[PDB]
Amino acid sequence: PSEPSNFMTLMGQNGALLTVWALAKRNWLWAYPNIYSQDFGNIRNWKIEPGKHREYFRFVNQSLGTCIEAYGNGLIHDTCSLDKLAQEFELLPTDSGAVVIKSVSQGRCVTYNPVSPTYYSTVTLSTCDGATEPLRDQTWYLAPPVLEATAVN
């Protein structure tokens, strides 16, 4: 199809995908690998669009149509609004090809714990230092969405 190409997943170094857990708006976002969230469906896929401002972006949920928003020390998803700065992020390149997601409104980066005694990572916002530790990592991969793929060869 032609719509799938519009979605992707933000995968942490642990394979954990930034996702909506609680479908209701304004609830925190978490990170679950596909292997442990198969029943989550497309709430794990996002569409990256240009923000209100030039080099900024916003993330629109494939299934819910909601946007990621910097809120407090973490991320939530709420109704999309181009005038909400908290919904605009910078995708900073790194020397490995991975990206660091920075909140324009906060100036802090999307942090997570690659290592967990549970099947999910907690997502927070903190000083952008490009840390890559077992319990604190700030690098993500812009990867394919978790959807069935059609060969176009």
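One rule holds for the numbers: they count along the sequence shown, beginning at 1.
When 36-44 is weighed against 51-59, 51-59 comes out higher, by mean CA B-factor as recorded in the entry.
Of the two segments, 66-74 and 121-129, the one listed with the higher mean B-factor is 121-129 (C-alpha atoms only). Taking the deposited Cα B-factors for 87, 106, 94, 116, the highest one is held by 106. Sort the modelled residues of the chain by CA B factor and residue 135 lands in the middle third. In the PDB entry, a CA B factor belonging to the highest third of its chain's modelled residues is recorded for residue 2.
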